[PDB]
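Naming: A, B, ... by sequence-line order, numbering from 1 per chain.
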Amino acid sequence: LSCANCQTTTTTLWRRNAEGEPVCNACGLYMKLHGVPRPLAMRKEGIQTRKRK
Amino acid sequence: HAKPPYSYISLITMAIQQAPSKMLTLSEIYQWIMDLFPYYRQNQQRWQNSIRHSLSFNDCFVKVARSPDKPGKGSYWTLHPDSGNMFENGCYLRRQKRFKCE
Amino acid sequence: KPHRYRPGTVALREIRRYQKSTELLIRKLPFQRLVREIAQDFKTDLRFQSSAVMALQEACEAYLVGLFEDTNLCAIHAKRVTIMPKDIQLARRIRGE
Amino acid sequence: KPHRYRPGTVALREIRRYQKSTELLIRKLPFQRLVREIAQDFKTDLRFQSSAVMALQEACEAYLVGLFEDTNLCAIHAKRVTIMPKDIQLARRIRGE
Amino acid sequence: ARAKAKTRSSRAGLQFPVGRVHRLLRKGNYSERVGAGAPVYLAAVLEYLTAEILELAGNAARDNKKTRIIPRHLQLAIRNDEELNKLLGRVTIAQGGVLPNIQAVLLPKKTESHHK
Amino acid sequence: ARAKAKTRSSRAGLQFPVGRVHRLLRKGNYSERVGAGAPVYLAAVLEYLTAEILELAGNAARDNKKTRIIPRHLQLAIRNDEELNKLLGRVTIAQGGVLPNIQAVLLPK
Amino acid sequence: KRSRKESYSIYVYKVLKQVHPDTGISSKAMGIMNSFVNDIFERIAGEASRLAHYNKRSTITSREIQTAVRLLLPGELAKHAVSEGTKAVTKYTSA
Amino acid sequence: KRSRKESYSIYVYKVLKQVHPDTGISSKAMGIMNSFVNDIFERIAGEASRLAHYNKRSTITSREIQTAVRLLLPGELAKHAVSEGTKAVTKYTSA
Amino acid sequence: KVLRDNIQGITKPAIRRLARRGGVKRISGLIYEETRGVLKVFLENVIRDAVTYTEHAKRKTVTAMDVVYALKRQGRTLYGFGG
Amino acid sequence: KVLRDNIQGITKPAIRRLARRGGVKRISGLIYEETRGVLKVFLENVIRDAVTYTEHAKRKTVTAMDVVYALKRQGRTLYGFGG
DNA sequence: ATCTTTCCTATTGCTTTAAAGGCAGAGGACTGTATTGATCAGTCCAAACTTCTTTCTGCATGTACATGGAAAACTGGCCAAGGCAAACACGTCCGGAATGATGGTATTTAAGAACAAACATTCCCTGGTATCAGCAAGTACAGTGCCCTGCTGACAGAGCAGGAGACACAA
DNA sequence: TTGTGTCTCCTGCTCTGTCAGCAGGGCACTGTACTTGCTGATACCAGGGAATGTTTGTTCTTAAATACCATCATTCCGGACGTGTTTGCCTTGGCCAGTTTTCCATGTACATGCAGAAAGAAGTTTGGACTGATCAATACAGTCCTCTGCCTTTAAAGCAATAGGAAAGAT
Ligand SMILES: [Zn+2]
């Protein structure tokens with residue numbers, strides 16, 4: 001699954017929007033709090049920088 | 001209906017032999033006898049117990065399990081290869097020199 | 001008849017439950033009273049930080065859990081499933097306590 | 001008829017003998033060979049002081065004697081008198097090795 | 001003019017503080033003198049060890065479908081790794097719990113009779 | 001002129017060396033500074049422990065009809081005393097042996 | 001004023017962001033990591049002090065730290081930690 | 001001559017003569033006693049240094065040694081050693 | 001004010017829970033008194049050192065660091081209390 | 001020069017003597033290989049640290065003090081060889 | 001309970017080896033003074049602990065039932081102990097030689113100390129995203145009863161081989 | 001005309017049919033407990049701004065580690081002889097493991113009430129900051145004497161031999 005709004009494939013708690021499609025936790029909370037979708041610019045991301053055996 | 005001349009041992013042996021894979025279980029033997037002998041539709045408990053006793057007692061039949069558990073609820077009994085032919089030449093009723101492992 | 005699990009089933013269920021969780025298993029207030037009672041023999045009118053009592057309880061529960069693990073091994077060694085005083089005594093002897 | 005002590009008599013005799021004495025119970029030369037063999041894997045052409053090898057032998061024999069004491073306790077806990085590898089394994093497990 | 005300052009941690013390519021580690025070595029009465037490379041080496045080793053533990057703990061957290069590492073995840077990471085378990089064998093982690101482990105002989109068996 | 005020198009052990013009434021203990025404290029990187037009474041206290045404690053062990057070991061040597069204390073007698077003294085055995089629980093004595101101890105279950109009927 | 005309390009929290013957080021960019025850490029876990037770093041620091045530093053004392057050396061150098069790491073850490077941890085420390089010291093010296 | 005190597009042998013012998021006037025001691029036993037004295041010294045001094053560090057003190061005083069002795073020695077040994085140390089310090093303070 | 005018999009506050013269900021976390025299936029009826037004694041000894045040993053550390057500092061409050069040091073010197077190193 | 005299988009130099013009589021000093025009366029036949037394995041593990045652990053101490057000093061001879069320090073680092077203090 | 005065998009301890013004489021005692025010197029303890037930095041003593045305050053009161057339950061205590069695990073008794077076979085004999089590998093010592101450790105000198109590199117600038121770290125304060133709580137479906141698994149399928153002790157009954165009586169062939 | 005082989009009919013052994021009982025094991029049903037998914041509440045961690053104390057840079061000094069050489073001690077290798085220990089084998093005894101039985105002492109579940117948990121509030125009390133004061137440790141130089149290395153003497157311990165007592169095992 002992926003978020004209907006911002007399309008993150010991993011989230012701590014999947015939620016559902018008014019249309020019933022799945023949304024990730026951050027987008028769902030942002031919608032329920034502010035009445036506006038969560039910006040993809042507001043979404044964060046990162047890539048691993050260290051590794052070992 | 002009249003009782004068939006065949007004995008239970010001969011009937012079981014013929015049922016095992018006539019199978020497509022030379023394999024049958026007790027339930028399939030029961031189905032086969034139900035199909036081709038209307039005589040045994042009465043005395044069901046009697047002939048069931050007789051078949052079970054004969055199958056358990058006669059050494060020419062040996063049991064085999066089901067590898068991936070199959071439909072289950074039973075086991076597969078195969079004719080012992082060393083038995084050869086015992087009811088050959090019209091001797092279906094009473095055999096001579098009953099097969100024995102020892 | 002009403003339902004009734006056989007002996008050991010609920011015991012295994014409780015083993016799984018309490019190995020899955022992390023919360024402290026002794027009641028806080030009676031343990032605090034025990035700590036104060038023991039401390040009063042060494043010095044009178046002592047005061048305790050809350051974190052000090054929490055550290056004591058954490059260490060004590062960890063120690064007892066480890067001791068019960070070793071006791072269980074000793075009981076299993078003797079072809080038993082019931083832990084007995086002799087098992088704790090053997091475990092504490094081998095541990096050098 | 002030739003004389004024979006019943007089983008376990010000479011065992012108790014040897015227990016008394018070796019608990020009364022203090023000399024090293026492993027032969028010195030093969031133990032030194034074992035020490036050098038193990039050491040060659042960490043570094044080649046290692047010299048050894050004699051006292052270093054003697055310290056190693058003292059430590060090893062003390063460790064093994066203590067382990068056998070714990071093993072004997074574990075065996076007796078199982079209502080046996082013969083020590084078995086399971087006893088050594090349990091003793092090592094409880095000691096934390 | 002005086003050259004612009006540059007931290008020794010950045011100079012060594014580390015995230016851990018080389019200066020703080022050097023100060024702690026000096027203040028701890030470990031030796032009369034401390035070499036220049038000793039704090040660098042020590043900071044690098046500490047950084048490596050914490051990186052190892054954090055990687056394993058993050059994997060453990062992901063297995064539990066969590067996003068924040070908690071003491072339980074550190075306990076699971078340490079005790080499931082043989083080398084970290086050896087290093088931290090004598091250590092108690094507050095609110096860490098224990099590994100799930102039941103001896104095989106304690107599990108129930110199958111009886112021949114199926115009646116009560 | 002300087003007064004006659006007196007060792008600090010003599011002032012404290014000890015047999016152990018206060019001066020050497022103070023020097024070892026200073027050189028051991030234990031702390032920046034060392035108090036005057038710290039080496040006296042430490043030397044007194046060390047002398048007391050030495051006297052305790054030597055008393056017990058001399059008793060053990062006497063029990064063996066021996067005149068000289070050997071490692072066996074030190075082991076016997078340490079392991080037959082609860083306090084010392086607790087203090088020296090993790091210590092190995094070279095050539096000390098062990099206490100004679102056979103479990104009761106192993107004895108014959 | 002009131003005395004400030006230094007800790008390794010920010011550095012542990014930076015390392016966490018390096019290894020798991022999207023993962024966080026709770027305050028109790030951070031306290032445990034602080035305890036861990038202090039414990040390992042004390043072990044290595046004490047062993048290095050012992051090594052310097054045995055050899056009658058006044059100074060703890062990177063060689064003492066390397067030997068202490070070899071003594072304390074088990075198995076592959078020792079090898080990887082030695083590699084990391086050597087790499088850090090070489091980078092520091094070259095710069 | 002070879003390089004001097006100090007030890008506690010003469011002091012252990014003096015204490016022995018004080019306690020058992022007619023008893024001797026072998027060289028191996030004297031080596032064991034020397035190791036014992038070094039071990040207990042290191043224990044007490046290390047504990048005292050840790051005590052001073054915990055309290056942010058620079059000096060190890062007789063109070064640090066007393067507390068270390070209380071922490072390390074068990075039971076009756078602790079109180080007897082404390083009495084001996086206090087008595088020695090009282091004698092020394094009177095010069 | 002005076003506390004008298006609080007060792008019995010370590011109840012039977014608490015000891016059962018501790019044993020269950022240790023993987024114990026069946027518990028003898030005599031285990032509970034043994035566990036109370038062992039816990040008493042352990043607590044006495046730890047609290048003695050903790051109060052010694054407190055007294056050396058001339059404080060009247062036992063801090064978490066006193067407990068941490070007391071545990072550490074007994075080979076029972078504890079993380080998560082400001083160590 | 002090279003040594004191959006010296007672990008078997010710890011003969012069955014030697015292990016029996018060690019068990020007797022430990023108070024053991026009866027010994028199973030499989031004890032001897034178990035004891036050889038345990039002894040080899042212990043010796044490897046001690047000798048690794050002793051060789052590490054030797055290498056740090058830039059020496060090529062393992063001294064008794066190296067062994068004493070290696071044992072003390074593992075909680076197995078040995079008297080009679082120090083100094 | 002008594003007799004034989006083996007082992008252990010105890011006693012006496014010689015010796016040898018390890019400890020006790022005596023002497024030289026050097027390096028480390030001691031004495032005395034000035035410096036200084038660590039610690040002590042008194043005050044204050046705020047924050048962290050202790051104490052008391054109220055609700056509210058969730059958890060502990062006590063009870064009854066019955067299940068199954070621990071302990072006792074028995075058996076046997078097989079694994080370990082005890083003892084004999086031959087071999088072999090340790091223990092002791094001795095010598096040659098190669099190596100490595102210690103000590104001393106010239107020197108070269110690196111760390112401590114001091115002072116100033118500035119910059120990284122701590123504390124404090126705000127939002128927003130993870131985590132917790134509650135409810136309800138769904139799944140997993142325990143406990144129990146029913147049925148099929150196996151095996152065995154027991155009896156009774158048709159099939160067919162073998163022995164007895166009658167006919168036909170050989171003597 | 002009389003005795004024996006072959007044909008016919010009756011009887012006994014073979015083997016199969018039929019009862020009956022107790023065991024293993026598969027599968028269906030009921031019920032309890034845990035997990036998963038969703039929404040809503042909350043709490044706790046991430047991110048942004050002020051200050052302070054700690055790190056970095058530069059210079060000089062000095063002392064700690066390095067390189068070379070010499071030499072001596074100390075470890076490695078080989079060899080030889082004596083003999084105590086190890087290894088292999090045989091005999092058998094008693095200890096470990098498996099099986100059976102009993103009963104008692106644990107586990108499970110229900111019901112009651114009580115004290116532990118949480119919140120609030122007040123009291124209080126003490127841990128730490130701040131200032132001045134004082135006192136105890138460091139540093140340095142010079143004196144001298146205690147401890148360690150070397151060497152010599154003797155007595156405590158070791159070894160050998162003998163004799164007597166204790167204990168084990170068999171009758
Ligand atoms: Zn989204």
**Prompt:** Closer than 4.0 Å, any side-chain N/O of H:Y11 to the OP1 or OP2 of L:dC147?
**Reply:** yes
Below 3.5 Å is the cut-off: list the nitrogen or oxygen pairs between protein and nucleotides 104-106 of chain L, distance only.
unit_1: L:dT106; atom_1: OP2; unit_2: I:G29; atom_2: N; d: 2.5

**Item:** Sorted by number, the residues of residues 46-53 of chain D with heavy-atom contact under 4.0 Å to DNA chain K
**Value:** D:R47
**Asked** How would you label the contact of D:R80 with the nucleic acid (heavy atoms, under 4.0 Å): base, sugar-phosphate, or nothing?
**Response** sugar-phosphate
**Message:** side chain to side chain contact (heavy atoms under 4.5 Å, CB included) for C:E14 and I:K25? Distances and angles first, verdict last.
**Reply:** CA-CA 9 Å; C:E14 288 173 0; I:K25 191 180 181 178; over 6 Å; no
**Request:** May I ask you to evaluate whether C:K20 reaches the phosphate of L:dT35, defined as a side-chain N or O under 4.0 Å from OP1 or OP2?
**Result:** yes
**Complete:** Residues at least two apart in sequence or cross-chain that pass salt bridge (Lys or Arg N to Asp or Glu O under 4.0 Å) with G:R57, listed by chain then number, are none
**Asked** What pairs with D:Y5 under ring-ring contact (aromatic ring centres under 6.0 Å, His included), at least two apart in sequence or on another chain?
**Response** D:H3
**Complete:** Whether each nucleotide of nucleotides 46-65 of chain L has a protein heavy atom under 4.0 Å at its base (B), only at its sugar-phosphate (S) or at neither (-) is summarised, 5' to 3', as S------S-SSBS-----SS
**Prompt:** Looking at residues at least two apart in the chain, or sitting in another chain, which of them share a ring-ring contact (aromatic ring centres under 6.0 Å, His included) with B:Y6?
**Reply:** B:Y92
**Prompt:** Do the side-chain N or O atoms of J:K1 get closer than 4.0 angstrom to the phosphate oxygens (OP1, OP2) of L:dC77?
**Reply:** yes
**Asked** Starting at the 5' end of DNA chain L, which residue's closest nucleotide do you reach first, J:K58 or B:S54?
**Response** B:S54
**Asked** Which residues satisfy the salt bridge (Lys or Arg N to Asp or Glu O under 4.0 Å) test with A:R43, sequence neighbours excluded?
**Response** A:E45
**Message:** Under the rule for ring-ring contact (aromatic ring centres under 6.0 Å, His included), what residues qualify as partners of H:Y11, not counting sequence neighbours?
**Reply:** none
**Item:** Relative orientation of the end axes in the helix from K:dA1-L:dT171 to K:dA171-L:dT1, expressed as an angle to the nearest 10° (five pairs per end)
**Value:** 100°
**Message:** At a heavy-atom distance below 4.0 Å, which nucleotide of DNA chain K is the first touched by chain J, and which is the last?
**Reply:** K:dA80 to K:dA101
**Asked** Taking only side-chain nitrogens and oxygens of B:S50, does any of them come within less than 4.0 Å of OP1 or OP2 of L:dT18?
**Response** yes
**Request:** Using the test ring-ring contact (aromatic ring centres under 6.0 Å, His included), find all partners of G:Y8 that sit at least two apart in sequence or belong to another chain.
**Result:** E:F16
**Asked** Can you tell me if the side-chain N/O atoms of B:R95 get under 4.0 Å from OP1 or OP2 in L:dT14?
**Response** no
**Prompt:** With sugar-phosphate meaning primed atoms plus P, OP1 and OP2, does A:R43 contact a base, only sugar-phosphate, or nothing at under 4.0 Å between heavy atoms?
**Reply:** nothing
Please write out each protein N/O paired with an N/O of nucleotides 167-171 of chain L under 3.5 Å, distance rounded to 0.1 Å.
unit_1: L:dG169; atom_1: OP1; unit_2: D:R6; atom_2: N; d: 2.7
unit_1: L:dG169; atom_1: OP1; unit_2: D:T9; atom_2: OG1; d: 2.7

